[PDB]
Protein chains: 2
Amino acid sequence: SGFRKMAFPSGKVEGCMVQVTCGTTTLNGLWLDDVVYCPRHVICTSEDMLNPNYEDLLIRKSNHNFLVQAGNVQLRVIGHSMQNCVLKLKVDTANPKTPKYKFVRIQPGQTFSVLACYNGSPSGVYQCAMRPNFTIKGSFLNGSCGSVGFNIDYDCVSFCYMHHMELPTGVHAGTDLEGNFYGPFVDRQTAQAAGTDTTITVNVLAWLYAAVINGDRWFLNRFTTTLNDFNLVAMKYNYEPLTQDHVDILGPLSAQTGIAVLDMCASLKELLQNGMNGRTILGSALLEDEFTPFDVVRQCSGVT
Amino acid sequence: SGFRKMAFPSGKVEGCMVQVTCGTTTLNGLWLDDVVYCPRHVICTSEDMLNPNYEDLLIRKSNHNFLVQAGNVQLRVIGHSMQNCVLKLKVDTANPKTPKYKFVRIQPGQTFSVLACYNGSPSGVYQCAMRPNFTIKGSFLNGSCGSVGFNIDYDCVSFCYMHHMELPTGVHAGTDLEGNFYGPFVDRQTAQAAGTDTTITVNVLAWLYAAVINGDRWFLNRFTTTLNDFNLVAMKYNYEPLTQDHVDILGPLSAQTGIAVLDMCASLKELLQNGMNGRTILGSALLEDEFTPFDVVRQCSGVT
Ligand SMILES: *CC(=O)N1CCC(C(=O)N2CCCCC2)CC1
Ligand SMILES: *CC(=O)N1CCC(C(=O)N2CCCCC2)CC1
């Protein structure tokens with residue numbers, strides 16, 4: 001028993017972190033096979049900043065301007081290309097610690113672990129969600145750019161995120177490993193405001209299931225609801241609309257706990273309309289929305 | 001910016017996790033040099049359970065009854081001894097991945113990362129505190145015993161915790177790596193109730209500092225207080241008494257933010273007396289107490 005916000009073991013990804021220095025800029029790169037991936041803004045300076053023309057900036061860069069260091073050993077850069085907002089530095093040595101890996105573009109509501117790094121050295125690991133507004137609520141200081149977000153399926157790391165941008169509101173933006181930003185965000189120091197940070201309804205329900213499974217049951221009530229009725233209450237409270245797909249996704253948790261999804265929706269509805277009344281659910285005073293149904297099943301079953 | 005509940009990178013510790021099987025019991029061991037550490041209850045059965053005499057139970061065990069498996073390779077057990085509530089299995093091979101390590105007995109309020117494992121395979125990593133009642137609020141299913149809690153100081157892992165017991169209230173108990181339980185707890189299926197789960201006052205303050213440092217400032221007020229006045233309010237709310245040592249420990253954070261510790265105490269006092277009024281601090285609706293002052297400094301500075 002016990003339910004905890006749990007990151008994947010970072011080992012496989014620690015073995016992929018290098019330092020990338022271009023000029024006076026130092027940040028993090030991912031080393032997979034003979035390619036190192038980093039944010040293209042590594043090449044930026046004091047001024048370019050507001051409106052860097054990355055293609056033009058890059059013309060002034062050679063292979064030898066990209067200093068790539070794996071612990072205390074330098075990697076030889078034998079090629080460099082720009083793919084969207086990431087650089088791909090070809091090194092002459094394949095990372096011997098390259099795990100099985102995929103690059104996946106996650107959807108909003110999907111969760112992942114982030115290995116926070118500075119100078120290609122891992123500092124910590126935490127669990128995130130891609131927010132419905134395509135931000136993430138991270139922990140990222142200067143030098144943390146190139147830190148990646150990932151999922152592990154047993155021995156295969158699925159990289160979903162590279163850190164690029166802090167918004168003036170102190171939320172975070174970045175790319176998949178093809179260098180495409182999540183959401184409308186750009187690697188440019190400009191007026192970028194996040195949209196509404198909506199709650200991931202399906203995740204709150206998953207977490208309501210995890211709670212029951214671990215003995216926290218006070219919020220179970222006698223009520224049920226429909227999708228349409230529940231979604232009126234979701235709207236008012238800036239919750240993602242709940243779809244039959246979401247109900248379907250909660251099936252297993254429904255099954256195991258013998259609580260119908262729509263009954264749990266009615267439990268969530270009362271929590272929204274009435275608050276927690278100073279009580280807690282799995283040691284939280286608000287409705288957690290960064291556990292997927294998959295995350296709950298994983299942690300409640302004990303998958304490795 | 002952003003502040004997140006952050007575990008240490010698990011890599012160094014993943015490389016230390018093996019499976020220990022005695023009879024039909026499978027749980028986790030720590031492999032450091034040529035010794036594997038596991039809970040002594042690995043040798044327990046259906047009945048012993050309520051009052052196992054571990055010395056007597058162990059007489060019926062030989063080296064060859066302890067099956068130790070590192071991934072898909074078996075380790076040869078060449079000796080076994082009981083140290084308090086852990087077993088130390090001598091293997092014929094030193095773990096090639098043994099990091100620099102220490103065994104440290106932590107104090108209540110001290111935080112650590114736990115690598116949740118099943119069958120010597122890491123499932124996840126989360127951050128814990130040793131509670132003032134010597135419990136931890138973990139996530140531990142069957143097979144998770146022998147999972148360890150640790151801190152890293154750069155390249156040196158300080159192991160502080162091995163998982164042994166779930167209390168009927170679904171909180172967790174275990175030992176340091178010398179096999180001594182934190183608190184009054186025993187590896188025996190009996191009436192063990194946790195005492196009052198008090199809040200780690202110094203940690204809440206550290207976290208109040210982390211908040212200010214990351215822009216969450218609404219709870220700053222015009223008030224100050226004394227230790228004695230603040231401690232009357234702490235008592236009433238089951239908070240650890242705050243000592244000058246704690247004030248001293250918060251010095252650096254005081255310095256950096258230019259908020260006197262006693263002013264922040266007065267901020268915490270009003271939060272206790274008035275609640276959050278439906279507001280949040282670093283995306284929490286209650287007062288987080290599993291960040292040390294050291295943890296705040298680390299994450300706010302970016303130590304690796
Ligand atoms: C997120 C990260 O690590 N970054 C690298 C540093 C960079 C920065 O601070 N500057 C200032 C000096 C000129 C380049 C940009 C911000 C992004
Ligand atoms: C915490 C852990 O992993 N443990 C190992 C399993 C054990 C258990 O379930 N049993 C039942 C069968 C007889 C031995 C005890 C509990 C501790």
# chains A, B, ... in the order shown; residues from 1 in each chain; ligands from 1
>>> select_by_dssp(residues="region 93-263 of chain B", states="strand (DSSP E)", output="VMD selection string")
chain B and resid 100 to 103 111 to 118 121 to 129 148 to 153 156 to 166 172 to 175
>>> write_last_selection(atoms="N, CA and C atoms", output="tab-separated table (two decimals), in the first residue's frame")
chain	number	residue	atom	x	y	z
B	100	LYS	N	30.85	4.36	-4.77
B	100	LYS	CA	31.25	4.86	-3.44
B	100	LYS	C	29.98	4.92	-2.59
B	101	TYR	N	30.03	4.40	-1.37
B	101	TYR	CA	28.82	4.34	-0.52
B	101	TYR	C	29.20	4.42	0.95
B	102	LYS	N	28.25	4.88	1.76
B	102	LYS	CA	28.27	4.86	3.23
B	102	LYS	C	26.93	4.29	3.68
B	103	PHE	N	26.88	3.75	4.88
B	103	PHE	CA	25.63	3.42	5.59
B	103	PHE	C	25.43	4.53	6.60
B	111	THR	N	15.35	13.70	4.66
B	111	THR	CA	14.65	13.24	3.43
B	111	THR	C	15.59	12.27	2.74
B	112	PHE	N	15.06	11.45	1.84
B	112	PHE	CA	15.89	10.52	1.04
B	112	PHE	C	15.05	10.07	-0.14
B	113	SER	N	15.71	9.60	-1.17
B	113	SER	CA	15.07	8.94	-2.34
B	113	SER	C	14.97	7.43	-2.06
B	114	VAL	N	13.85	6.83	-2.46
B	114	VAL	CA	13.58	5.36	-2.44
B	114	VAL	C	13.48	4.90	-3.89
B	115	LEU	N	14.26	3.90	-4.24
B	115	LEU	CA	14.07	3.13	-5.48
B	115	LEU	C	13.16	1.94	-5.15
B	116	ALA	N	11.87	2.04	-5.44
B	116	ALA	CA	10.91	0.91	-5.37
B	116	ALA	C	11.41	-0.17	-6.34
B	117	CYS	N	11.64	-1.38	-5.84
B	117	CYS	CA	11.98	-2.59	-6.62
B	117	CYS	C	11.06	-3.75	-6.33
B	118	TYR	N	10.90	-4.60	-7.34
B	118	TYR	CA	10.21	-5.92	-7.31
B	118	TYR	C	11.09	-6.94	-8.03
B	121	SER	N	14.36	-5.83	-9.58
B	121	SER	CA	14.14	-4.94	-10.76
B	121	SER	C	13.52	-3.63	-10.31
B	122	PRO	N	14.22	-2.50	-10.53
B	122	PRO	CA	13.69	-1.18	-10.16
B	122	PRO	C	12.39	-0.85	-10.92
B	123	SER	N	11.35	-0.43	-10.20
B	123	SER	CA	10.05	-0.02	-10.79
B	123	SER	C	9.94	1.51	-10.84
B	124	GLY	N	10.40	2.20	-9.80
B	124	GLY	CA	10.24	3.66	-9.75
B	124	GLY	C	11.10	4.31	-8.69
B	125	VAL	N	11.20	5.63	-8.72
B	125	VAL	CA	11.93	6.40	-7.67
B	125	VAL	C	11.07	7.58	-7.20
B	126	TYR	N	10.99	7.73	-5.87
B	126	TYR	CA	10.26	8.83	-5.21
B	126	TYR	C	11.12	9.29	-4.05
B	127	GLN	N	10.75	10.44	-3.50
B	127	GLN	CA	11.42	11.16	-2.40
B	127	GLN	C	10.57	10.94	-1.15
B	128	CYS	N	11.22	10.67	-0.03
B	128	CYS	CA	10.58	10.39	1.27
B	128	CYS	C	11.19	11.30	2.32
B	129	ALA	N	10.56	11.33	3.49
B	129	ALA	CA	11.18	11.78	4.75
B	129	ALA	C	10.98	10.67	5.78
B	148	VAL	N	15.62	0.15	-1.01
B	148	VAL	CA	16.45	1.00	-0.11
B	148	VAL	C	16.14	2.48	-0.34
B	149	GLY	N	16.39	3.28	0.69
B	149	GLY	CA	16.34	4.73	0.69
B	149	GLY	C	17.76	5.24	0.74
B	150	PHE	N	18.05	6.33	0.05
B	150	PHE	CA	19.44	6.79	-0.09
B	150	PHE	C	19.48	8.29	-0.33
B	151	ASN	N	20.66	8.85	-0.07
B	151	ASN	CA	21.12	10.19	-0.51
B	151	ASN	C	22.41	10.00	-1.29
B	152	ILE	N	22.61	10.85	-2.30
B	152	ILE	CA	23.90	10.96	-3.04
B	152	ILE	C	24.55	12.30	-2.69
B	153	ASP	N	25.82	12.26	-2.29
B	153	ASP	CA	26.74	13.43	-2.22
B	153	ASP	C	27.76	13.34	-3.37
B	156	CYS	N	29.12	9.60	-4.03
B	156	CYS	CA	29.01	8.76	-2.82
B	156	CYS	C	27.54	8.62	-2.42
B	157	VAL	N	27.00	7.41	-2.55
B	157	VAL	CA	25.63	7.04	-2.08
B	157	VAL	C	25.69	6.75	-0.57
B	158	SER	N	24.88	7.46	0.20
B	158	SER	CA	24.66	7.21	1.65
B	158	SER	C	23.33	6.49	1.77
B	159	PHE	N	23.37	5.17	1.96
B	159	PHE	CA	22.18	4.32	2.17
B	159	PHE	C	21.67	4.52	3.59
B	160	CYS	N	20.41	4.86	3.77
B	160	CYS	CA	19.86	5.17	5.11
B	160	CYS	C	18.74	4.19	5.48
B	161	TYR	N	18.14	3.52	4.50
B	161	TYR	CA	16.85	2.83	4.74
B	161	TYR	C	16.80	1.56	3.89
B	162	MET	N	16.34	0.47	4.51
B	162	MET	CA	15.81	-0.73	3.80
B	162	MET	C	14.36	-0.94	4.22
B	163	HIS	N	13.47	-1.15	3.26
B	163	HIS	CA	12.04	-1.44	3.52
B	163	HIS	C	11.80	-2.85	4.10
B	164	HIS	N	11.06	-2.94	5.22
B	164	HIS	CA	10.72	-4.22	5.92
B	164	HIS	C	9.21	-4.41	6.14
B	165	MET	N	8.48	-3.39	6.62
B	165	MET	CA	7.14	-3.60	7.26
B	165	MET	C	6.15	-2.60	6.68
B	166	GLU	N	4.93	-3.05	6.41
B	166	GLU	CA	3.72	-2.20	6.26
B	166	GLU	C	2.89	-2.28	7.54
B	172	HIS	N	4.78	2.80	6.62
B	172	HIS	CA	5.91	1.90	6.29
B	172	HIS	C	6.98	2.01	7.36
B	173	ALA	N	7.66	0.90	7.61
B	173	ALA	CA	8.73	0.81	8.62
B	173	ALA	C	9.88	-0.01	8.04
B	174	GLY	N	11.08	0.33	8.48
B	174	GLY	CA	12.27	-0.36	8.03
B	174	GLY	C	13.46	0.04	8.84
B	175	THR	N	14.62	-0.39	8.36
B	175	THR	CA	15.91	-0.37	9.08
B	175	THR	C	16.89	0.52	8.33
>>> interface_residues(of="chain A", to="chain B", cutoff="6 Å", atoms="only C-alpha atoms", output="list in words")
residues 1, 2, 3, 4, 6, 7, 8, 9, 10, 11, 121, 122, 123, 124, 125, 126, 138, 139, 140, 141, 170, 285, 286 and 304 of chain A
>>> residues_around(residues="residue 24 (chain A)", least_positions_apart="6", cutoff="12 Å", atoms="only C-alpha atoms", output="list in words")
residues 42, 43, 44, 45, 46, 65, 66, 67 and 143 of chain A
>>> residues_around(residues="residue 263 (chain A)", least_positions_apart="6", cutoff="7 Å", atoms="only C-alpha atoms", output="VMD selection string")
chain A and resid 223 to 225
>>> write_last_selection(atoms="C-alpha atoms", output="JSON list (two decimals), in the first residue's frame")
[["chain", "number", "residue", "atom", "x", "y", "z"],
["A", 223, "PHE", "CA", -24.61, 9.56, -6.34],
["A", 224, "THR", "CA", -24.02, 8.74, -9.99],
["A", 225, "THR", "CA", -23.98, 11.03, -13.03]]
>>> atom_distance(atom1="CA of residue 191 (chain A)", atom2="atom 12 (C, counted along the ligand's line) of ligand 1")
18.6 Å
>>> atom_distance(atom1="CA of residue 106 (chain B)", atom2="CA of residue 209 (chain B)")
23.3 Å
>>> select_by_dssp(residues="region 12-189 of chain B", states="alpha helix (DSSP H)", output="MDAnalysis selection string")
chainID B and resid 12:14 54:59
>>> residues_around(residues="region 239-242 of chain A", least_positions_apart="3", cutoff="9 Å", atoms="only C-alpha atoms", output="mmCIF file with N, CA, C and O atoms, in the first residue's frame")
data_model
loop_
_atom_site.group_PDB
_atom_site.id
_atom_site.type_symbol
_atom_site.label_atom_id
_atom_site.label_comp_id
_atom_site.auth_asym_id
_atom_site.auth_seq_id
_atom_site.Cartn_x
_atom_site.Cartn_y
_atom_site.Cartn_z
ATOM 1 N N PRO A 132 -2.597 20.359 -20.606
ATOM 2 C CA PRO A 132 -3.489 20.658 -21.736
ATOM 3 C C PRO A 132 -3.155 21.927 -22.526
ATOM 4 O O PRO A 132 -3.550 21.989 -23.645
ATOM 5 N N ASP A 197 -4.634 26.550 -17.816
ATOM 6 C CA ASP A 197 -4.126 25.248 -17.322
ATOM 7 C C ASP A 197 -5.298 24.401 -16.826
ATOM 8 O O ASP A 197 -5.642 24.506 -15.656
ATOM 9 N N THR A 198 -5.892 23.604 -17.708
ATOM 10 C CA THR A 198 -7.088 22.792 -17.385
ATOM 11 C C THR A 198 -6.603 21.540 -16.633
ATOM 12 O O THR A 198 -5.434 21.125 -16.820
ATOM 13 N N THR A 199 -7.445 21.003 -15.755
ATOM 14 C CA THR A 199 -7.200 19.734 -15.044
ATOM 15 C C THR A 199 -7.471 18.554 -15.995
ATOM 16 O O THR A 199 -8.522 18.535 -16.719
ATOM 17 N N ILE A 200 -6.579 17.561 -15.961
ATOM 18 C CA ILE A 200 -6.744 16.302 -16.735
ATOM 19 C C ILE A 200 -7.751 15.384 -16.008
ATOM 20 O O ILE A 200 -7.378 14.533 -15.145
ATOM 21 N N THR A 201 -9.027 15.538 -16.344
ATOM 22 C CA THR A 201 -10.135 14.837 -15.649
ATOM 23 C C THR A 201 -9.843 13.343 -15.517
ATOM 24 O O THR A 201 -10.046 12.810 -14.444
ATOM 25 N N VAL A 202 -9.410 12.684 -16.577
ATOM 26 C CA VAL A 202 -9.226 11.201 -16.590
ATOM 27 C C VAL A 202 -8.179 10.810 -15.528
ATOM 28 O O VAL A 202 -8.388 9.806 -14.800
ATOM 29 N N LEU A 227 -22.026 11.287 -18.445
ATOM 30 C CA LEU A 227 -20.973 12.113 -19.087
ATOM 31 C C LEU A 227 -21.477 13.549 -19.293
ATOM 32 O O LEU A 227 -20.776 14.488 -18.920
ATOM 33 N N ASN A 228 -22.652 13.744 -19.872
ATOM 34 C CA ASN A 228 -23.106 15.121 -20.215
ATOM 35 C C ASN A 228 -23.263 15.953 -18.927
ATOM 36 O O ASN A 228 -22.785 17.097 -18.879
ATOM 37 N N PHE A 230 -21.811 15.418 -15.943
ATOM 38 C CA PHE A 230 -20.488 15.577 -15.311
ATOM 39 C C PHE A 230 -19.719 16.674 -16.057
ATOM 40 O O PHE A 230 -19.081 17.499 -15.408
ATOM 41 N N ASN A 231 -19.796 16.691 -17.386
ATOM 42 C CA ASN A 231 -19.051 17.628 -18.272
ATOM 43 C C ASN A 231 -19.510 19.092 -18.105
ATOM 44 O O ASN A 231 -18.658 19.973 -18.206
ATOM 45 N N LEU A 232 -20.773 19.347 -17.786
ATOM 46 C CA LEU A 232 -21.256 20.681 -17.362
ATOM 47 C C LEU A 232 -20.472 21.152 -16.139
ATOM 48 O O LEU A 232 -20.011 22.329 -16.130
ATOM 49 N N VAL A 233 -20.314 20.266 -15.148
ATOM 50 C CA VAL A 233 -19.536 20.549 -13.905
ATOM 51 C C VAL A 233 -18.049 20.677 -14.241
ATOM 52 O O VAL A 233 -17.398 21.530 -13.656
ATOM 53 N N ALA A 234 -17.523 19.885 -15.160
ATOM 54 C CA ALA A 234 -16.107 19.967 -15.591
ATOM 55 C C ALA A 234 -15.814 21.349 -16.194
ATOM 56 O O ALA A 234 -14.865 22.008 -15.759
ATOM 57 N N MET A 235 -16.613 21.767 -17.166
ATOM 58 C CA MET A 235 -16.559 23.091 -17.843
ATOM 59 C C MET A 235 -16.397 24.198 -16.794
ATOM 60 O O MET A 235 -15.377 24.935 -16.815
ATOM 61 N N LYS A 236 -17.372 24.295 -15.899
ATOM 62 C CA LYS A 236 -17.416 25.345 -14.864
ATOM 63 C C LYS A 236 -16.086 25.365 -14.107
ATOM 64 O O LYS A 236 -15.694 26.474 -13.712
ATOM 65 N N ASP A 245 -13.936 7.470 -24.443
ATOM 66 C CA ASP A 245 -12.556 6.909 -24.528
ATOM 67 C C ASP A 245 -11.943 6.871 -23.133
ATOM 68 O O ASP A 245 -11.344 5.855 -22.779
ATOM 69 N N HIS A 246 -12.117 7.945 -22.367
ATOM 70 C CA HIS A 246 -11.579 8.080 -20.995
ATOM 71 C C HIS A 246 -12.239 7.049 -20.082
ATOM 72 O O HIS A 246 -11.535 6.435 -19.274
ATOM 73 N N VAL A 247 -13.560 6.920 -20.176
ATOM 74 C CA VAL A 247 -14.350 5.911 -19.409
ATOM 75 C C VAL A 247 -13.764 4.538 -19.712
ATOM 76 O O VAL A 247 -13.455 3.801 -18.765
#
>>> atom_distance(atom1="CA of residue 211 (chain B)", atom2="CA of residue 251 (chain B)")
16.1 Å
>>> residues_around(residues="residue 293 (chain B)", least_positions_apart="4", cutoff="8 Å", atoms="only C-alpha atoms", output="ChimeraX atom specification")
/B:202-203,206-207,249-250,253,297
>>> residues_around(residues="residue 183 (chain A)", least_positions_apart="2", cutoff="6 Å", atoms="only C-alpha atoms", output="NGL selection string")
:A and (134 or 181 or 185)
>>> closest_residue(among="A:94, A:58, A:82, A:145", to="ligand 1", atoms="only C-alpha atoms and all ligand atoms")
A:145
